[PDB]
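Quick setup: one chain, the form deposited in one PDB entry, written in structure tokens, and binding and motion questions come after.
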């Protein structure tokens, strides 16, 4: 009746190595980068919204909003200095996605994260839909210029506490983040339209599937497509209040599996089942060593 022979990680692994599973879409959120030292600035425990008094804001969310930013970019860039990572070292989860790419299984990774770790882990622009944008590149805001600047340039400006201005036209330069008040990139909708005709497996890692329209991606899968959640908490189920949600646990469940724990440990377990654990270990050890050894 169903593509998975059982609703377990082992069933998913068996399906993945069957001839029926050729194209995997990953949907990822902040949970895949916390072990890298990047806080989930949507979890209250990080306390982002609490410390934001030194920036003297009209309301807390204005520092994440596009119009305020264009009028007053200094608070955003001071906060960006405060929150700048000490290192950019992707996680076992990120490299698991790189292994998917290497094995010819990765159709697309849709990410909510702006932290660039997918790119550092070796996913290419074509592999990625950065649904909420990214720090990886920045652009002059003037429509007639749009000069692109890499993260190293932006970092130099942020740490020297100089507001980044375009070298060609002296306009403000903004990281390619989707600020509040901007629309998600057109790439998100056009890729969605094409990719979900083609997907054999949805791997949902490190996201509670609460932010829209990203969360709605799980309902774009074909009805037969298995969907594996690797996350500290079960998520994406139909909300009993607000009227294609995940069904892990009912008598009617047939394709959705929940593996509850840290994303790294779930990806290690899945890799072990697939026979990839040594490959993943070697890839992570050498990439981490190269990052640690940046001189």
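Between two forms, the rigid core is the largest collection of C-alphas that superpose within 1.5 Å. Numbering follows the first chain given and starts at 1.
Same protein, other form: the form deposited in another entry, not shown, and the subject of what follows.
Participant: After the core is superposed, which of these residues, 269, 36, 62, 235, moves its CA 2 Å or more between this form and the one not shown?
Facilitator: Everything else stays below 2 Å; the exception is 62.
Participant: Could you check whether the CA atom of residue 171 moves 2 Å or more between this form and the one not shown, using the rigid core for the fit?
Facilitator: Residue 171 C-alpha, core-superposed: shift of 2 Å or more.
Participant: After the core is overlaid between this form and the one not shown, has the C-alpha of residue 222 moved by 2 angstroms or more?
Facilitator: Result for residue 222: no, shift under 2 Å.
Participant: Taking the rigid core as the frame, does residue 91 move its C-alpha by 2 Å or more between this form and the one not shown?
Facilitator: The answer is no; the displacement is under 2 Å.
Participant: Just say closer or farther for the C-alpha distance from residue 98 to residue 154 in that other deposited form, relative to the shown form; it changes by 3 Å or more.
Facilitator: Compared with this form, residue 98 and residue 154 lie farther apart in that other deposited form.
Participant: Please say whether the CA atoms of residue 233 and residue 42 come closer or move farther apart in that other deposited form, knowing the change relative to this form is 3 Å or more.
Facilitator: Closer is correct, given that in that other deposited form the C-alpha spacing of residue 233 to residue 42 is reduced by at least 3 Å.
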